[PDB]
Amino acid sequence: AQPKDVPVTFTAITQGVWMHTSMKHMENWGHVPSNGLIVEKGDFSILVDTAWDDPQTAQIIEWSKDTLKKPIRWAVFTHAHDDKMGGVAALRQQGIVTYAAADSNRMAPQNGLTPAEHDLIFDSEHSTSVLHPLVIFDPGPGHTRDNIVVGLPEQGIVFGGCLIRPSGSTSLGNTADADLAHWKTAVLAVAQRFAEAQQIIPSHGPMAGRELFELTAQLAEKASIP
């Protein structure tokens, strides 16, 4: 009735784009969800963000092989916290090619996380098509110093990660590692880079629209003012 460990759920977002949601068990026996993406690419698939730990990330790998029939071959992570890089070791064990921002790979050891194998190389416009059709974009410090976002401009989807706050949020959440001064600038930079995308996916809760940009911008503006 009250299970400690719940299996990772997979939901179709659009054609060729799946959202994976995993739950972390808390001491009060509640759960906190985290979203990631699986993006089809020919006969294989790209993973955006891991689950909370190795065995939950192992579920995503197995689901991509057994159900999707498109095994994950590449993975990218949006920042160096355990809801995004918690299961990096399980990917590198399976031979997945893993990418992260150079800053995310440097601070992963301190946060008790396995680093990604490759540093992303951004161009002068702070983008990289190394995982096309994903556009990996670096908007600057916000939720963390190292957070990056992933856009799917062909399908009108932005995965904002923790940089974008869940719908209904009245606070910025965990602000221990945040850059309150720059958070609004980073949110607006994402909205301007993917000006057409109508489907915005935060790290927690349901996918929504561009109002998530307004919500996070205003919550960050209010927090930036002493």
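We number the residues from 1 along the sequence you see.
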#### Entry: Between 104-112 and 68-76 (mean CA B-factor, as deposited), the higher
104-112
### Summary
Higher avg CA temperature factor (10-18 vs 209-217, as deposited) belongs to 10-18
### Query
In terms of the CA temperature factor given in the entry, to which third of its chain does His31 belong: lowest, middle or highest?
middle
### Chain thirds of CA B-factor: placement of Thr185
lowest
### Message
How does the C-alpha B factor of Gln192 compare with the rest of the chain: lowest, middle or highest third?
### Response
lowest
#### Entry: Third assignment of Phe159 from its chain's C-alpha B-factors
lowest
### Query
In terms of the CA temperature factor given in the entry, to which third of its chain does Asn174 belong: lowest, middle or highest?
highest
